[PDB]
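Everything on this sheet refers to the single structure shown next.
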Amino acid sequence: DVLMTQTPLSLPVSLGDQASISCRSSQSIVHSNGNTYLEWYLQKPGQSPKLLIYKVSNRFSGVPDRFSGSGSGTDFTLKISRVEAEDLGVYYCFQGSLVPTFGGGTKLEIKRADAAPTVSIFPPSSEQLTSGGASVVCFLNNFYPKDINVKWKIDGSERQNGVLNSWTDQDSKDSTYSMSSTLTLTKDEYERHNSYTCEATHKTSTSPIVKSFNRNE
Amino acid sequence: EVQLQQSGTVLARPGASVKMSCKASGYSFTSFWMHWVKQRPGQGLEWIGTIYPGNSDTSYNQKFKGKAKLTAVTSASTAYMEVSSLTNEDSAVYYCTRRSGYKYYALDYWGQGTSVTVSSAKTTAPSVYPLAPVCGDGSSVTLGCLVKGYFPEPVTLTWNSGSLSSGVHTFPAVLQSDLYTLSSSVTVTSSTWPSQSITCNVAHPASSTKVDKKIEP
């Protein structure tokens with residue numbers, strides 16, 4: 001089995017900078033006819049992939065000349081000298097020879113300064129509480145890098161169950177991310193505790209960002 | 001002029017089989033290899049298999065051997081794929097793309113893709129919940145909406161019929177036991193709300209549902 005090990009999986013870049021996506025085969029992919037069938041595709045969010053480079057270093061027709069391929073041994077490289085806002089998305093290498101294998105992906109994204117999440121906890125709505133349910137939502141807005149962690153607590157007691165998180169993609173305006181955790185309980189179960197905490201630990205402070213409330217209000 | 005059209009969005013119950021089409025045009029169907037690629041909800045691209053029409057040769061990924069059945073009908077210029085014994089892992093987007101011969105030798109044309117959802121879920125309108133900040137007592141005030149327990153995707157959520165858009169953070173829907181859950185955060189200056197009405201308009205087309213939820217205190 002041939003393995004296309006593509007790195008890195010995430011490459012934040014500042015506009016106008018040169019990007020370098022690498023892709024390595026677990027052994028030579030040079031075919032019998034002497035040809036190397038190593039292409040590069042880019043899948044922009046919401047659309048299908050599209051051919052960029054074919055035969056290792058050849059640019060497909062209509063492809064921005066800032067794109068270029070190369071690659072020898074088992075190491076191939078995609079370069080985007082001068083990254084524009086249209087180049088952002090997921091890049092894939094692909095050895096379409098023997099058993100066609102895709103690289104893993106390298107999400108081209110924008111780089112900005114680190115930024116701490118801005119947390120906000122919301123108690124269950126009375127209407128949800130009428131149906132017998134009770135979600136406690138925590139928005140962890142506008143941060144960077146995207147790497148963030150959330151721990152819930154009930155009466156100081158950690159609660160790892162029924163918590164459904166969901167992250168937004170990099171914000172187009174400020175290049176930040178936002179996450180959304182949600183502890184869903186039962187009305188009765190909810191109505192048997194006071195303190196509902198959610199602590200966001202991000203790359204910025206070594207101290208979790210705590211957000212709490214008491215049904216005592 | 002080469003055009004790859006694929007069948008629509010299919011919602012399949014688990015354990016079933018799903019047959020999808022891919023109508024080619026603008027080129028000789030029988031002279032090129034049609035490839036199929038799978039993309040699970042969150043991961044990269046996976047090569048499934050390939051058929052050469054007009055001789056019906058096939059080549060599968062070991063993983064898909066008994067799972068994906070590639071066929072082609074030259075009089076319909078349509079490649080087909082039947083994914084059977086449907087599991088959760090079969091929920092993904094499927095692309096039929098063409099392997100060009102001379103010039104490029106690569107997947108230069110792709111279809112818009114086919115979205116298959118494997119679930120036992122029945123069609124369910126959402127439950128839209130207002131998320132007012134905790135209790136009484138900064139410069140900006142974060143509000144939100146919780147849209148949960150719906151089937152199937154998608155839903156559309158706007159803030160104030162759309163007047164509010166900056167500061168809005170709509171997070172990706174996630175399935176938590178047969179149904180979907182989506183949430184949205186709207187950050188507006190203190191002097192805007194409650195001084196101003198901030199309604200959350202949720203539409204679930206599959207259920208012919210348009211719901212407004214005004215965020216009161």
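Residue numbering restarts at 1 for every chain of the structure tokens, chains are lettered A, B, ... in their displayed order, and ligands are numbered from 1 as they appear.
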
Task: Distance-based interface of chain A with chain B, 9 Å, counting only C-alpha atoms, as a ChimeraX atom specification - done: /A:37-39,41,47-55,58,60,90,92,96,99-105,120-128,135,137,139,141,162,164-169,178-180,213-214,217

Task: Residue contacts of region 22-26 of chain B (12 Å, only C-alpha atoms) excluding same-chain residues fewer than 2 positions away, as a ChimeraX atom specification - done: /B:1-8,19-20,28-36,53,70-82,94-98,109-114

- [ ] Identify, with DSSP run on backbone atoms, the residues in region 11-179 of chain A assigned to strand (DSSP E or B), and express the list as a PyMOL selection string.
- [x] chain A and resi 11-13+19-25+30+36+38-43+51-54+58-59+67-68+71+75-80+90-95+101-102+106-110+115+118-122+133-144+148-154+157-158+163+167+177-179

Task: Atomic distance CA of residue 122 (chain B) - CA of residue 134 (chain A), expressed in Å with one decimal - done: 22.7 Å

- [ ] Would you list the contacts of region 185-188 of chain A as a PyMOL selection string, taking every protein, DNA or RNA residue within 8 Å and counting only C-alpha atoms, but skipping same-chain residues closer than 2 positions in sequence?
- [x] chain A and resi 129+132-135+162+183+190-192

I need the chosen residues saved as a JSON list (two decimals), in the first residue's frame, with N, CA, C and O atoms.
[["chain", "number", "residue", "atom", "x", "y", "z"],
["A", 129, "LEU", "N", -37.94, 24.56, 28.84],
["A", 129, "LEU", "CA", -38.26, 23.98, 30.15],
["A", 129, "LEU", "C", -39.70, 23.46, 30.30],
["A", 129, "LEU", "O", -40.02, 22.73, 31.23],
["A", 132, "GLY", "N", -39.97, 19.81, 28.96],
["A", 132, "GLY", "CA", -39.29, 18.85, 29.82],
["A", 132, "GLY", "C", -37.79, 18.83, 29.63],
["A", 132, "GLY", "O", -37.07, 18.05, 30.28],
["A", 133, "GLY", "N", -37.31, 19.71, 28.75],
["A", 133, "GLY", "CA", -35.88, 19.78, 28.46],
["A", 133, "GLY", "C", -35.25, 21.02, 28.99],
["A", 133, "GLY", "O", -35.97, 21.96, 29.34],
["A", 134, "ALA", "N", -33.90, 21.04, 29.01],
["A", 134, "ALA", "CA", -33.12, 22.19, 29.51],
["A", 134, "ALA", "C", -31.66, 22.26, 29.08],
["A", 134, "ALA", "O", -30.79, 21.77, 29.80],
["A", 135, "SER", "N", -31.37, 22.95, 27.98],
["A", 135, "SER", "CA", -29.98, 23.09, 27.50],
["A", 135, "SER", "C", -29.35, 24.32, 28.10],
["A", 135, "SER", "O", -30.02, 25.34, 28.27],
["A", 162, "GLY", "N", -23.78, 14.66, 27.46],
["A", 162, "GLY", "CA", -24.83, 15.45, 26.83],
["A", 162, "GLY", "C", -24.38, 16.81, 26.34],
["A", 162, "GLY", "O", -25.19, 17.68, 26.04],
["A", 183, "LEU", "N", -24.72, 21.90, 27.05],
["A", 183, "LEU", "CA", -25.06, 20.82, 27.95],
["A", 183, "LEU", "C", -26.56, 20.74, 27.95],
["A", 183, "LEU", "O", -27.23, 21.71, 28.26],
["A", 190, "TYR", "N", -32.25, 19.35, 35.71],
["A", 190, "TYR", "CA", -31.76, 20.73, 35.72],
["A", 190, "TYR", "C", -32.15, 21.36, 37.03],
["A", 190, "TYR", "O", -31.31, 21.92, 37.74],
["A", 191, "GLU", "N", -33.44, 21.26, 37.33],
["A", 191, "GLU", "CA", -34.00, 21.82, 38.55],
["A", 191, "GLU", "C", -33.54, 21.16, 39.84],
["A", 191, "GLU", "O", -34.21, 21.28, 40.86],
["A", 192, "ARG", "N", -32.42, 20.45, 39.80],
["A", 192, "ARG", "CA", -31.91, 19.83, 41.01],
["A", 192, "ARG", "C", -30.46, 20.24, 41.28],
["A", 192, "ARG", "O", -29.75, 19.61, 42.10]]

Task: Residues within 7 Å of residue 116 (chain A), only C-alpha atoms, excluding chain neighbours under 5 positions, as a list in words - done: residues 143, 144, 202 and 204 of chain A

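Counting from CA of residue 194 (chain A), the distance to CA of residue 215 (chain A) is 5.4 Å.
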
Task: Every residue of region 35-131 of chain B that DSSP places in helix (DSSP H, G or I), as a ChimeraX atom specification - done: /B:62-64,88-90

Export of the given selection (N, CA and C atoms) as a compact mmCIF listing (two decimals), in the first residue's frame:
# COMPACT_ATOMS: atom_id res chain seq x y z
N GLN B 62 -9.97 -1.61 -1.89
CA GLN B 62 -10.34 -2.83 -1.19
C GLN B 62 -11.52 -2.63 -0.27
N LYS B 63 -11.49 -1.52 0.48
CA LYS B 63 -12.52 -1.09 1.44
C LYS B 63 -13.95 -1.04 0.90
N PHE B 64 -14.09 -0.64 -0.36
CA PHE B 64 -15.39 -0.54 -1.01
C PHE B 64 -15.90 -1.76 -1.85
N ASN B 88 -23.81 4.54 9.17
CA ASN B 88 -23.62 5.94 9.51
C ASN B 88 -22.46 6.49 8.70
N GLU B 89 -21.43 5.66 8.58
CA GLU B 89 -20.21 5.98 7.87
C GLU B 89 -20.45 6.18 6.40
N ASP B 90 -21.63 5.81 5.90
CA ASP B 90 -21.94 5.96 4.47
C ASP B 90 -22.50 7.34 4.17

Task: Surrounding residues of residue 150 (chain A) excluding itself and chain neighbours under 2 positions, 8 Å, only C-alpha atoms, as a count of residues only - done: 7

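Residue neighbourhood of residue 82 (chain A), excluding near-sequence residues (fewer than 6 positions): residues 16, 17 and 18 of chain A, at 6 Å, using only C-alpha atoms.
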
Can I get the selection written as a short mmCIF file (atom, residue, chain, number, x, y, z; two decimals), in the first residue's frame, with C-alpha atoms?
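Dumped to out-v8.cif:
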data_model
loop_
_atom_site.label_atom_id
_atom_site.label_comp_id
_atom_site.auth_asym_id
_atom_site.auth_seq_id
_atom_site.Cartn_x
_atom_site.Cartn_y
_atom_site.Cartn_z
CA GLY A 16 0.62 37.86 -0.10
CA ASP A 17 2.87 35.33 1.52
CA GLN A 18 4.18 32.23 -0.20
#

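The shell of residues at most 8 Å from residue 156 (chain B), with only C-alpha atoms counted and near chain neighbours (fewer than 6 positions) removed, consists of residues 202, 203 and 204 of chain B.
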
Would you mind exporting the chosen residues as a compact mmCIF listing (two decimals), in the first residue's frame, restricted to N, CA and C atoms?
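This is the output file out-v4.txt:
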# COMPACT_ATOMS: atom_id res chain seq x y z
N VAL B 202 -36.12 31.54 12.00
CA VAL B 202 -35.68 30.20 11.62
C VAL B 202 -36.59 29.54 10.57
N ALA B 203 -35.99 29.04 9.49
CA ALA B 203 -36.78 28.36 8.44
C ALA B 203 -36.29 26.93 8.25
N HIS B 204 -37.23 26.00 8.22
CA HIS B 204 -36.89 24.62 8.01
C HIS B 204 -37.79 24.30 6.86
